[PDB]
Amino acid sequence: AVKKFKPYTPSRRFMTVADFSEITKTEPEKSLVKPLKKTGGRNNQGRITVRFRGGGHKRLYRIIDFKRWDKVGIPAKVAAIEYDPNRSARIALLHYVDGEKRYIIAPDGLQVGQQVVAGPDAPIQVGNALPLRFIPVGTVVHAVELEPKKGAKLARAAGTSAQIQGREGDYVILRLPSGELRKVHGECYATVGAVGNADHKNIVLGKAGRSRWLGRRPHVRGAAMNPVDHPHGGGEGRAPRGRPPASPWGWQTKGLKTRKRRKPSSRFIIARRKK
Amino acid sequence: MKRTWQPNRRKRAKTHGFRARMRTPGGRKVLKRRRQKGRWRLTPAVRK
RNA sequence: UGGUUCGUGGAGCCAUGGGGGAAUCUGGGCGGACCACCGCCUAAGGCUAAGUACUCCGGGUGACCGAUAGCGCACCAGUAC
RNA sequence: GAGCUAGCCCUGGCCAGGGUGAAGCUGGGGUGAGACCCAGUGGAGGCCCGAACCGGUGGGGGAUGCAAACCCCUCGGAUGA
RNA sequence: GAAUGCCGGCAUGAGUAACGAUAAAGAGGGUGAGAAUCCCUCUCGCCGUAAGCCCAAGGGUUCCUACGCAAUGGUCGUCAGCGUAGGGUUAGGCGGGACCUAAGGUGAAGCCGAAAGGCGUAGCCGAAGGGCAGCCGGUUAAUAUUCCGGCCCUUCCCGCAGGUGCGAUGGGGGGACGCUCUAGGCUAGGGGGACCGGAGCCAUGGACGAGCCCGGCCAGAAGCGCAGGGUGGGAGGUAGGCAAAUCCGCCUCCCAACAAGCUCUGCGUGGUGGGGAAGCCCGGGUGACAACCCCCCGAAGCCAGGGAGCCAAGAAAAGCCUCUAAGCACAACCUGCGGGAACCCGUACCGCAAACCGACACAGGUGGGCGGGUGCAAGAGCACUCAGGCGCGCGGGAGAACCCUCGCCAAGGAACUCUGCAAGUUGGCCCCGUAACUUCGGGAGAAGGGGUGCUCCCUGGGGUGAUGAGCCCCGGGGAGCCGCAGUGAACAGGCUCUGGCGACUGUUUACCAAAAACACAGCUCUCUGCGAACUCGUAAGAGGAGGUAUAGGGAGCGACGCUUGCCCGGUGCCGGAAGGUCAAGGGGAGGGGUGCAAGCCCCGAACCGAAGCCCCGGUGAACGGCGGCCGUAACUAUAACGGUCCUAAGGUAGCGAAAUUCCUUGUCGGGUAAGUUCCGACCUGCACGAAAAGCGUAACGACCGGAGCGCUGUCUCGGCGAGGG
RNA sequence: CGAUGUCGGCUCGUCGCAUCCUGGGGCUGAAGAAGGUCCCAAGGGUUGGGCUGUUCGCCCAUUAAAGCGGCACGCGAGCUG
RNA sequence: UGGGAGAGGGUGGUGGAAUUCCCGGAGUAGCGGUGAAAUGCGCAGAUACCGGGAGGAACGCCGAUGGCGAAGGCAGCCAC
RNA sequence: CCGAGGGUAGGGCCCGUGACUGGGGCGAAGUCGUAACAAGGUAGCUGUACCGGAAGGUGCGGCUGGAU
RNA sequence: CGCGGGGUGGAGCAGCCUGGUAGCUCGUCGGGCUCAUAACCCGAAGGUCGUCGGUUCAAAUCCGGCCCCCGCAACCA
Ligand SMILES: [K+]
Ligand SMILES: [Mg+2]
Ligand SMILES: [Mg+2]
Ligand SMILES: [Mg+2]
Ligand SMILES: [Mg+2]
Ligand SMILES: [Mg+2]
Ligand SMILES: [Mg+2]
Ligand SMILES: [Mg+2]
Ligand SMILES: [Mg+2]
Ligand SMILES: [Mg+2]
Ligand SMILES: [Mg+2]
Ligand SMILES: [Mg+2]
Ligand SMILES: [Mg+2]
Ligand SMILES: [Mg+2]
Ligand SMILES: [Mg+2]
Ligand SMILES: [Mg+2]
Ligand SMILES: [Mg+2]
Ligand SMILES: [Mg+2]
Ligand SMILES: [Mg+2]
Ligand SMILES: [Mg+2]
Ligand SMILES: [Mg+2]
Ligand SMILES: [Mg+2]
Ligand SMILES: [Mg+2]
Ligand SMILES: [Mg+2]
Ligand SMILES: [Mg+2]
Ligand SMILES: [Mg+2]
Ligand SMILES: [Mg+2]
Ligand SMILES: [Mg+2]
Ligand SMILES: [Mg+2]
Ligand SMILES: [Mg+2]
Ligand SMILES: [Mg+2]
Ligand SMILES: [Mg+2]
Ligand SMILES: [Mg+2]
Ligand SMILES: [Mg+2]
Ligand SMILES: [Mg+2]
Ligand SMILES: [Mg+2]
Ligand SMILES: [Mg+2]
Ligand SMILES: [Mg+2]
Ligand SMILES: [Mg+2]
Ligand SMILES: [Mg+2]
Ligand SMILES: [Mg+2]
Ligand SMILES: [Mg+2]
Ligand SMILES: [Mg+2]
Ligand SMILES: [Mg+2]
Ligand SMILES: [Mg+2]
Ligand SMILES: [Mg+2]
Ligand SMILES: [Mg+2]
Ligand SMILES: [Mg+2]
Ligand SMILES: [Mg+2]
Ligand SMILES: [Mg+2]
Ligand SMILES: [Mg+2]
Ligand SMILES: [Mg+2]
Ligand SMILES: [Mg+2]
Ligand SMILES: [Mg+2]
Ligand SMILES: [Mg+2]
Ligand SMILES: [Mg+2]
Ligand SMILES: [Mg+2]
Ligand SMILES: [Mg+2]
Ligand SMILES: [Mg+2]
Ligand SMILES: [Mg+2]
Ligand SMILES: [Mg+2]
Ligand SMILES: [Mg+2]
Ligand SMILES: [Mg+2]
Ligand SMILES: [Mg+2]
Ligand SMILES: [Mg+2]
Ligand SMILES: [Mg+2]
Ligand SMILES: [Mg+2]
Ligand SMILES: [Mg+2]
Ligand SMILES: [Mg+2]
Ligand SMILES: [Mg+2]
Ligand SMILES: [Mg+2]
Ligand SMILES: [Mg+2]
Ligand SMILES: [Mg+2]
Ligand SMILES: [Mg+2]
Ligand SMILES: [Mg+2]
Ligand SMILES: [Mg+2]
Ligand SMILES: [Mg+2]
Ligand SMILES: [Mg+2]
Ligand SMILES: [Mg+2]
Ligand SMILES: [Mg+2]
Ligand SMILES: [Mg+2]
Ligand SMILES: [Mg+2]
Ligand SMILES: [Mg+2]
Ligand SMILES: [Mg+2]
Ligand SMILES: [Mg+2]
Ligand SMILES: [Mg+2]
Ligand SMILES: [Mg+2]
Ligand SMILES: [Mg+2]
Ligand SMILES: [Mg+2]
Ligand SMILES: [Mg+2]
Ligand SMILES: [Mg+2]
Ligand SMILES: [Mg+2]
Ligand SMILES: [Mg+2]
Ligand SMILES: [Mg+2]
Ligand SMILES: [Mg+2]
Ligand SMILES: [Mg+2]
Ligand SMILES: [Mg+2]
Ligand SMILES: [Mg+2]
Ligand SMILES: [Mg+2]
Ligand SMILES: [Mg+2]
Ligand SMILES: [Mg+2]
Ligand SMILES: [Mg+2]
Ligand SMILES: [Mg+2]
Ligand SMILES: [Mg+2]
Ligand SMILES: [Mg+2]
Ligand SMILES: [Mg+2]
Ligand SMILES: [Mg+2]
Ligand SMILES: [Mg+2]
Ligand SMILES: [Mg+2]
Ligand SMILES: [Mg+2]
Ligand SMILES: [Mg+2]
Ligand SMILES: [Mg+2]
Ligand SMILES: [Mg+2]
Ligand SMILES: [Mg+2]
Ligand SMILES: [Mg+2]
Ligand SMILES: [Mg+2]
Ligand SMILES: [Mg+2]
Ligand SMILES: [Mg+2]
Ligand SMILES: [Mg+2]
Ligand SMILES: [Mg+2]
Ligand SMILES: [Mg+2]
Ligand SMILES: [Mg+2]
Ligand SMILES: [Mg+2]
Ligand SMILES: [Mg+2]
Ligand SMILES: [Mg+2]
Ligand SMILES: [Mg+2]
Ligand SMILES: [Mg+2]
Ligand SMILES: [Mg+2]
Ligand SMILES: [Mg+2]
Ligand SMILES: [Mg+2]
Ligand SMILES: [Mg+2]
Ligand SMILES: [Mg+2]
Ligand SMILES: [Mg+2]
Ligand SMILES: [Mg+2]
Ligand SMILES: [Mg+2]
Ligand SMILES: [Mg+2]
Ligand SMILES: [Mg+2]
Ligand SMILES: [Mg+2]
Ligand SMILES: [Mg+2]
Ligand SMILES: [Mg+2]
Ligand SMILES: [Mg+2]
Ligand SMILES: [Mg+2]
Ligand SMILES: [Mg+2]
Ligand SMILES: [Mg+2]
Ligand SMILES: [Mg+2]
Ligand SMILES: [Mg+2]
Ligand SMILES: [Mg+2]
Ligand SMILES: [Mg+2]
Ligand SMILES: [Mg+2]
Ligand SMILES: [Mg+2]
Ligand SMILES: [Mg+2]
Ligand SMILES: [Mg+2]
Ligand SMILES: [Mg+2]
Ligand SMILES: [Mg+2]
Ligand SMILES: [Mg+2]
Ligand SMILES: [Mg+2]
Ligand SMILES: [Mg+2]
Ligand SMILES: [Mg+2]
Ligand SMILES: [Mg+2]
Ligand SMILES: [Mg+2]
Ligand SMILES: [Mg+2]
Ligand SMILES: [Mg+2]
Ligand SMILES: [Mg+2]
Ligand SMILES: [Mg+2]
Ligand SMILES: [Mg+2]
Ligand SMILES: [Mg+2]
Ligand SMILES: [Mg+2]
Ligand SMILES: [Mg+2]
Ligand SMILES: [Mg+2]
Ligand SMILES: [Mg+2]
Ligand SMILES: [Mg+2]
Ligand SMILES: [Mg+2]
Ligand SMILES: [Mg+2]
Ligand SMILES: [Mg+2]
Ligand SMILES: [Mg+2]
Ligand SMILES: [Mg+2]
Ligand SMILES: [Mg+2]
Ligand SMILES: [Mg+2]
Ligand SMILES: [Mg+2]
Ligand SMILES: [Mg+2]
Ligand SMILES: [Mg+2]
Ligand SMILES: [Mg+2]
Ligand SMILES: [Mg+2]
Ligand SMILES: [Mg+2]
Ligand SMILES: [Mg+2]
Ligand SMILES: [Mg+2]
Ligand SMILES: [Mg+2]
Ligand SMILES: [Mg+2]
Ligand SMILES: [Mg+2]
Ligand SMILES: [Mg+2]
Ligand SMILES: [Mg+2]
Ligand SMILES: [Mg+2]
Ligand SMILES: [Mg+2]
Ligand SMILES: [Mg+2]
Ligand SMILES: [Mg+2]
Ligand SMILES: [Mg+2]
Ligand SMILES: [Mg+2]
Ligand SMILES: [Mg+2]
Ligand SMILES: [Mg+2]
Ligand SMILES: [Mg+2]
Ligand SMILES: [Mg+2]
Ligand SMILES: [Mg+2]
Ligand SMILES: [Mg+2]
Ligand SMILES: [Mg+2]
Ligand SMILES: [Mg+2]
Ligand SMILES: [Mg+2]
Ligand SMILES: [Mg+2]
Ligand SMILES: [Mg+2]
Ligand SMILES: [Mg+2]
Ligand SMILES: [Mg+2]
Ligand SMILES: [Mg+2]
Ligand SMILES: [Mg+2]
Ligand SMILES: [Mg+2]
Ligand SMILES: [Mg+2]
Ligand SMILES: [Mg+2]
Ligand SMILES: [Mg+2]
Ligand SMILES: [Mg+2]
Ligand SMILES: [Mg+2]
Ligand SMILES: [Mg+2]
Ligand SMILES: [Mg+2]
Ligand SMILES: [Mg+2]
Ligand SMILES: [Mg+2]
Ligand SMILES: [Mg+2]
Ligand SMILES: [Mg+2]
Ligand SMILES: [Mg+2]
Ligand SMILES: [Mg+2]
Ligand SMILES: [Mg+2]
Ligand SMILES: [Mg+2]
Ligand SMILES: [Mg+2]
Ligand SMILES: [Mg+2]
Ligand SMILES: [Mg+2]
Ligand SMILES: [Mg+2]
Ligand SMILES: [Mg+2]
Ligand SMILES: [Mg+2]
Ligand SMILES: [Mg+2]
Ligand SMILES: [Mg+2]
Ligand SMILES: [Mg+2]
Ligand SMILES: [Mg+2]
Ligand SMILES: [Mg+2]
Ligand SMILES: [Mg+2]
Ligand SMILES: [Mg+2]
Ligand SMILES: [Mg+2]
Ligand SMILES: [Mg+2]
Ligand SMILES: [Mg+2]
Ligand SMILES: [Mg+2]
Ligand SMILES: [Mg+2]
Ligand SMILES: [Mg+2]
Ligand SMILES: [Mg+2]
Ligand SMILES: [Mg+2]
Ligand SMILES: [Mg+2]
Ligand SMILES: [Mg+2]
Ligand SMILES: [Mg+2]
Ligand SMILES: [Mg+2]
Ligand SMILES: [Mg+2]
Ligand SMILES: [Mg+2]
Ligand SMILES: [Mg+2]
Ligand SMILES: [Mg+2]
Ligand SMILES: [Mg+2]
Ligand SMILES: [Mg+2]
Ligand SMILES: [Mg+2]
Ligand SMILES: [Mg+2]
Ligand SMILES: [Mg+2]
Ligand SMILES: [Mg+2]
Ligand SMILES: [Mg+2]
């Protein structure tokens, strides 16, 4: 339920902000934070390698448990749901009966006070993590390891989910958030439910400064530059593209596919994405 | 208006100083050449 | 591919990044594609004075300069600036 | 060579004073319950006026200058990209 | 003898321009060979959120004193930031180091690169961030939290006493955090006093007064007092914090809870140690046994790690505390007291500037703190003034033209001109009042108007205090007074209507363009399944991202509203296991050279043989493109209709003489006395048109056009006056 | 072309006469008044505005008349832009 | 008070038939379509047949001249 | 003091009029097609939506005022 | 007298390049079907190719000149 504002500035006309309604705790665990080094989109050479980055609000990285098979069988309790500025999902604080404390991505409808657990025997229940091969066909899961023990890779942003479609040997058939159909090994872990905060895509940034708060600096159209700068540069007055539309580096940017031809995971992609 | 020279002792020593020159192949050639030429000073003066 | 006078040329020889891959003198390389004949030479280990080059340095001599010349500097010059 | 300038990184600092008065909250009205209206409180905002500060709109001066871009009047932003 | 030749010398322009902010000068007395220019005294003027004071950076003796004036100083020079000499900077507590870590830099392990070298975890370096012990006065020609005085405090070593499972680079706690708004109580600072101290003063008409003028504090340990910050206690379990743990984390139990308790700061008080004005007469001395008290105002500072709200979600590490391990429990650590010990570097002086950056003693540039008073609604604004600092290193006259900056102007009032360029007008605050349109916020300070000083009288509420008086802050009514004029000086919008463009706040060609240009939220297409795509790199390695399709890259379009049509034949991209073409390689029909021969050696047809191209399809918010001639209606005219040629298909909606229209000042309407511009229409659109988007749009604009009102030296048309030249 | 600044305006003039007006005439299809056309004549005069950068031109209101050309399309070490 | 009948309404769940597409097998010269045709699709292997998979929508027989609701309107099945 | 009214400024309603523009009614014998009336040769009507020289056409749902 | 394209039955287009040939759709004329009209069905006519001049045995066709009509261009200032 995104929140609107009355039109008392030009920018307040359209700005919308998340309700923050599920958040129950407003400062993070001192033991699960560390400093997040802003890069400005520069690499170890000092060179910009991802244009238009920098100037965002200072953040602390929250360490998130993307393994969860660290603690087979140890039940935990959901102590708080929290704001995390390093991702679109909300995060949940778990107090394990161990006394150990961890953060997880907060699935949709998870409630403070309930319990979750990890392992093959775990109930099929929102918040639990199981190896894929023990989750019944048809189940909606998130935070899916792509390869066993490597870390939860897929379906992590706000509102996403994957659906379990069938089994074939050691592998399971998944429909990813992009619509692709893929084999993922059965021993890969996944968490029952979809990621929460599904309204995240309906936020309306409303002003340029808001993009500046996020670390997004203004983007310059190629058509706005000079020939030394861009394939679309130059021209007297405005100009159409006048060539197949291209990137700053010359490659074609309307339709030209770019997945590597002989990539070994091809034997594992069933159907390409949709829409 | 604000001009180009804005002195800064730490800057000067860390940019043109003896230890900066010795760290690098071209810097050692600067020192080699200025010795062969006979300069009285191999490196700018800064008071540290 | 480089080297040689050799720029693909009839293109050998010497060197070698990739692939294949021997023999111990009745063994092997060369004499400008290649074959025969006739000759020359012993690869895949190493070292080796002298004769040669140069002139920061010392001296000897100029049909060399003589203070705008001769080194940038005859002088407190790679200085002042 | 980034002691000028451009972008980013880390750590600090600065923004007189006045004006407008969002949401929420409380009370009252309303209804089956609501929506909603009124009053108070509240203090939001690339909100408004205006110094410092950051600018450089129009005009005039200057033009072997006070200055290899300055001076005077006027003017833009001033809690934010 | 010439090369705008080179180097040097010296002319000409010329006794010419100029001598660097228009803040400003006059006189007396000194000194000296020499005085507008040095010193002293009185008068005058300028700054005073500075043009005063304290820091930092940079500079490097420029500081103080004596003696000097050739050169330097835009004149002079006896003076000086100049020359010569001597002197001057004093720290356990201030700042930095013997402490911590940030970006980043470096870098045992490791990885990569022809060489040089590039990476790289930990670790090391790295500060204006963390951490940490000194405040007030006196003294020098020149230094002072540094010397001296008074009162405080820190660490290290060693000794004594009491206590304790002591012990760490290891585990944990803590350190440790944003933005806006803000409570309580204080301090800084300020205002007043009919109270307290003081050298004196009485003027020129009055005043010997509850008169004038001056000053009425500062630092301080323990203790107490006020105001705050921090903080649960106990017990049982325990598999987690990469060994251990009595610590921390988790579960349960009892008690405690807006508290209290313990702790830690700030302020006040405080033994004590200091200070102390005018005036006066030589920095000094007197004053002076100086007094040192009451009320008010009051921080952005302090208590602080305070409170609330909000989204964009707000360093690290050490010091410190707790836990234990090796070990050691003759030890070691904690607490209290005592003695001793305590190093290196900086410290002068300038510092919005004549000593720093600009070649100059250059109207420019330079980060942090203090920045007093009165009035003006407030304020760091504006005017004048305190303290303190200056009059800007050429002067004296004269009173032409002309130039700059400034003041006024009869009648007219934009007739000026490309243009109201420029300059007027308007101008703060209080009240009354306020339109189209609108996205319901706005448009709005709309427009337009009235008020504004002083005196007396009556009265309402608040803050301090005590509820009272006093002080202080908001006000309400009545009656009067003066002037041309009451925000009486200074600072302080001219307004309306209507188009074009761009939604908007923003950004730009440092130094001729600030805009309609760039950006912007938002819309669409497209690539990307994660060792992602993409980007930099030979590479290793990074960025992307400690992100995972509600994500990340590329492209175009540009809030929002209503919309975005037809063509896939060419180019692009996407899909197609057929077919055609196609390289190295495979295959070796059949040839050729040489040898007596075995053999050696060379050429080589068919056939098997990828990507790409060809071919088959898809695809427009992919590159792009979207017709011609002739005829037709019962007045004429024009063609709803028809005929035919061509195309891949012949421009739909909307808009149109336009930021686009050549003929063009198209035609008609409006506005004007008159309108090549403007506005509204029309439509034969040379040569609009739908995301190089089409048509609109409230609000916005130092953008560009057109009109009106107000007012004016812009002008008819010029005059006079001021100051710098 | 080792530089002869280029439209229009503004200011300041000066000159020619193929004369717009004023002065003197002849002819007239000149009744008068008023015209037409030609001849002599350069002394003087030859307005204010709307539009456009404009020159030019059209329009408004007047006028004795609202002349045409040259002077580097006169005049930027005189201004504008 | 005790009884009844009903596609009355809202939420969650869930069953089979059928069409389309995808994969595998098998198989060959046409399929589709109409008044008749052509476009389309098919040897790059279609149609017709079998097995598997995915996905959306609608509920055959019961069913009626039926039932319910104020009207619009309401139809697999289960529970609330 | 009030005060006819005059002046300035800004609103509200009504009437007349305006380049140009939108349809409407009417008009003896104009042009184009033939939507409706019979199953009107696609049953028609209908609310809405999109499209087209025109009547109309088509989608969705509804009515019988439909025929055999 | 800057550069292009065109002119052919009544209309709109082939033929021209490559000399011997005039073609296609509509329209017009005659007859059918119809109560009649259109549509539809069967037949028919009409063009010396803008013009003049040359080449050739022969010119719509090839080459020169003239007319008529459409289109493009006109830059540095
Ligand atoms: K040119
Ligand atoms: Mg909103
Ligand atoms: Mg609203
Ligand atoms: Mg939430
Ligand atoms: Mg932290
Ligand atoms: Mg930490
Ligand atoms: Mg990083
Ligand atoms: Mg790095
Ligand atoms: Mg570099
Ligand atoms: Mg990039
Ligand atoms: Mg970047
Ligand atoms: Mg993300
Ligand atoms: Mg979140
Ligand atoms: Mg897998
Ligand atoms: Mg969005
Ligand atoms: Mg951010
Ligand atoms: Mg963006
Ligand atoms: Mg952009
Ligand atoms: Mg461009
Ligand atoms: Mg450009
Ligand atoms: Mg470049
Ligand atoms: Mg290039
Ligand atoms: Mg290019
Ligand atoms: Mg281009
Ligand atoms: Mg361009
Ligand atoms: Mg263009
Ligand atoms: Mg451009
Ligand atoms: Mg385009
Ligand atoms: Mg193009
Ligand atoms: Mg391209
Ligand atoms: Mg690529
Ligand atoms: Mg995919
Ligand atoms: Mg600068
Ligand atoms: Mg600097
Ligand atoms: Mg320094
Ligand atoms: Mg420094
Ligand atoms: Mg530096
Ligand atoms: Mg460096
Ligand atoms: Mg150095
Ligand atoms: Mg070396
Ligand atoms: Mg030396
Ligand atoms: Mg050097
Ligand atoms: Mg060679
Ligand atoms: Mg060679
Ligand atoms: Mg050779
Ligand atoms: Mg080899
Ligand atoms: Mg042999
Ligand atoms: Mg042999
Ligand atoms: Mg050999
Ligand atoms: Mg040989
Ligand atoms: Mg031979
Ligand atoms: Mg030999
Ligand atoms: Mg030798
Ligand atoms: Mg000689
Ligand atoms: Mg000499
Ligand atoms: Mg010499
Ligand atoms: Mg000589
Ligand atoms: Mg020498
Ligand atoms: Mg020498
Ligand atoms: Mg020399
Ligand atoms: Mg010399
Ligand atoms: Mg010297
Ligand atoms: Mg720096
Ligand atoms: Mg810099
Ligand atoms: Mg900060
Ligand atoms: Mg501010
Ligand atoms: Mg107000
Ligand atoms: Mg209020
Ligand atoms: Mg509240
Ligand atoms: Mg603002
Ligand atoms: Mg305002
Ligand atoms: Mg300026
Ligand atoms: Mg500036
Ligand atoms: Mg002006
Ligand atoms: Mg200049
Ligand atoms: Mg200035
Ligand atoms: Mg000014
Ligand atoms: Mg402000
Ligand atoms: Mg402002
Ligand atoms: Mg900011
Ligand atoms: Mg000569
Ligand atoms: Mg010369
Ligand atoms: Mg020369
Ligand atoms: Mg010469
Ligand atoms: Mg010379
Ligand atoms: Mg000389
Ligand atoms: Mg000379
Ligand atoms: Mg000389
Ligand atoms: Mg001279
Ligand atoms: Mg002279
Ligand atoms: Mg003279
Ligand atoms: Mg002269
Ligand atoms: Mg001069
Ligand atoms: Mg001067
Ligand atoms: Mg001044
Ligand atoms: Mg002045
Ligand atoms: Mg002044
Ligand atoms: Mg005097
Ligand atoms: Mg004097
Ligand atoms: Mg003097
Ligand atoms: Mg003198
Ligand atoms: Mg003087
Ligand atoms: Mg003096
Ligand atoms: Mg006097
Ligand atoms: Mg003051
Ligand atoms: Mg210096
Ligand atoms: Mg001197
Ligand atoms: Mg002198
Ligand atoms: Mg001397
Ligand atoms: Mg001098
Ligand atoms: Mg000077
Ligand atoms: Mg003297
Ligand atoms: Mg003397
Ligand atoms: Mg000293
Ligand atoms: Mg001391
Ligand atoms: Mg030591
Ligand atoms: Mg360190
Ligand atoms: Mg080297
Ligand atoms: Mg370092
Ligand atoms: Mg350090
Ligand atoms: Mg420090
Ligand atoms: Mg910090
Ligand atoms: Mg300290
Ligand atoms: Mg102290
Ligand atoms: Mg002394
Ligand atoms: Mg212990
Ligand atoms: Mg913390
Ligand atoms: Mg914030
Ligand atoms: Mg307070
Ligand atoms: Mg105090
Ligand atoms: Mg006060
Ligand atoms: Mg344990
Ligand atoms: Mg005293
Ligand atoms: Mg005494
Ligand atoms: Mg502050
Ligand atoms: Mg604090
Ligand atoms: Mg707080
Ligand atoms: Mg760290
Ligand atoms: Mg032991
Ligand atoms: Mg013992
Ligand atoms: Mg203890
Ligand atoms: Mg030491
Ligand atoms: Mg020292
Ligand atoms: Mg000192
Ligand atoms: Mg300044
Ligand atoms: Mg000074
Ligand atoms: Mg001076
Ligand atoms: Mg100086
Ligand atoms: Mg200066
Ligand atoms: Mg005072
Ligand atoms: Mg005020
Ligand atoms: Mg002066
Ligand atoms: Mg001054
Ligand atoms: Mg001066
Ligand atoms: Mg004078
Ligand atoms: Mg004179
Ligand atoms: Mg007067
Ligand atoms: Mg006047
Ligand atoms: Mg007027
Ligand atoms: Mg007037
Ligand atoms: Mg005007
Ligand atoms: Mg004019
Ligand atoms: Mg202008
Ligand atoms: Mg004014
Ligand atoms: Mg005023
Ligand atoms: Mg209005
Ligand atoms: Mg209104
Ligand atoms: Mg209006
Ligand atoms: Mg409007
Ligand atoms: Mg409104
Ligand atoms: Mg007003
Ligand atoms: Mg108002
Ligand atoms: Mg009044
Ligand atoms: Mg008065
Ligand atoms: Mg104003
Ligand atoms: Mg704009
Ligand atoms: Mg713009
Ligand atoms: Mg626009
Ligand atoms: Mg818009
Ligand atoms: Mg702004
Ligand atoms: Mg510029
Ligand atoms: Mg420029
Ligand atoms: Mg420049
Ligand atoms: Mg300019
Ligand atoms: Mg511009
Ligand atoms: Mg602007
Ligand atoms: Mg731009
Ligand atoms: Mg843009
Ligand atoms: Mg925009
Ligand atoms: Mg989208
Ligand atoms: Mg690259
Ligand atoms: Mg390399
Ligand atoms: Mg990373
Ligand atoms: Mg938009
Ligand atoms: Mg926009
Ligand atoms: Mg654009
Ligand atoms: Mg609208
Ligand atoms: Mg359309
Ligand atoms: Mg196409
Ligand atoms: Mg196609
Ligand atoms: Mg295509
Ligand atoms: Mg192929
Ligand atoms: Mg094209
Ligand atoms: Mg095309
Ligand atoms: Mg038009
Ligand atoms: Mg017009
Ligand atoms: Mg237009
Ligand atoms: Mg156009
Ligand atoms: Mg035109
Ligand atoms: Mg025109
Ligand atoms: Mg006209
Ligand atoms: Mg008119
Ligand atoms: Mg118009
Ligand atoms: Mg027309
Ligand atoms: Mg365009
Ligand atoms: Mg608009
Ligand atoms: Mg608007
Ligand atoms: Mg603007
Ligand atoms: Mg603007
Ligand atoms: Mg205008
Ligand atoms: Mg006007
Ligand atoms: Mg006016
Ligand atoms: Mg004047
Ligand atoms: Mg004067
Ligand atoms: Mg020339
Ligand atoms: Mg010359
Ligand atoms: Mg010249
Ligand atoms: Mg004029
Ligand atoms: Mg006459
Ligand atoms: Mg007569
Ligand atoms: Mg008569
Ligand atoms: Mg005559
Ligand atoms: Mg005359
Ligand atoms: Mg004349
Ligand atoms: Mg004109
Ligand atoms: Mg002309
Ligand atoms: Mg004209
Ligand atoms: Mg007359
Ligand atoms: Mg003329
Ligand atoms: Mg001419
Ligand atoms: Mg001309
Ligand atoms: Mg001229
Ligand atoms: Mg000029
Ligand atoms: Mg001119
Ligand atoms: Mg000249
Ligand atoms: Mg001249
Ligand atoms: Mg001249
Ligand atoms: Mg211009
Ligand atoms: Mg077919
Ligand atoms: Mg086929
Ligand atoms: Mg086959
Ligand atoms: Mg589906
Ligand atoms: Mg009257
Ligand atoms: Mg008829
Ligand atoms: Mg019909
Ligand atoms: Mg019909
Ligand atoms: Mg019908
Ligand atoms: Mg029909
Ligand atoms: Mg249709
Ligand atoms: Mg042909
Ligand atoms: Mg032929
Ligand atoms: Mg024929
Ligand atoms: Mg009959
Ligand atoms: Mg017939």
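Reminder, nothing fancy here: chain letters follow the sequence lines and each chain counts from 1.
You'll find the side chain of A:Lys25 stays beyond 4.5 Å of the side chain of A:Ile81, heavy atoms only. Inter-residue side-chain proximity for A:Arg243 and A:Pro231 is flagged as met; some heavy-atom pair is nearer than 4.5 Å.
Sugar conformation, E:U121: north. The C1'-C2'-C3'-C4' torsion carries a positive sign. A positive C1'-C2'-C3'-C4' dihedral is found for the sugar of E:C152, placing it in the north range.
Evaluation of B:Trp5 against the base of E:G358 yields no stacking contact (centre distance < 5.5 Å, interplanar angle < 30° required). With centres under 5.5 Å and a plane angle under 30°, the ring of A:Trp213 is stacked against the base of E:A312.
Picking from E:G240, D:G7, E:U548 the nucleotide with the shortest atom distance to the side chain of A:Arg217 gives D:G7. Distances from the side chain of A:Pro7 to the nucleotides E:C311, E:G441, D:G3 place E:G441 closest.
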Go along nucleotides 73-81 of chain C 5' to 3' and tag each nucleotide: B for a protein heavy atom under 4.0 Å from its base, S when only backbone or sugar atoms are that close, - otherwise. -----BSS-
Report, as a single string ordered 5' to 3', how protein heavy atoms within less than 4.0 Å touch nucleotides 530-544 of chain E: B base, S sugar-phosphate only, - not at all. SB-SSBBS---BBBS
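The nucleotide range of RNA chain G contacted by chain A, defined by atoms under 4.0 angstrom from heavy atoms of the protein and reported 5' to 3', is G:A54 to G:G55.
Straight-line distance from the NE2 atom of A:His230 to the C1' atom of E:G554: 8 Å, rounded to whole Å.
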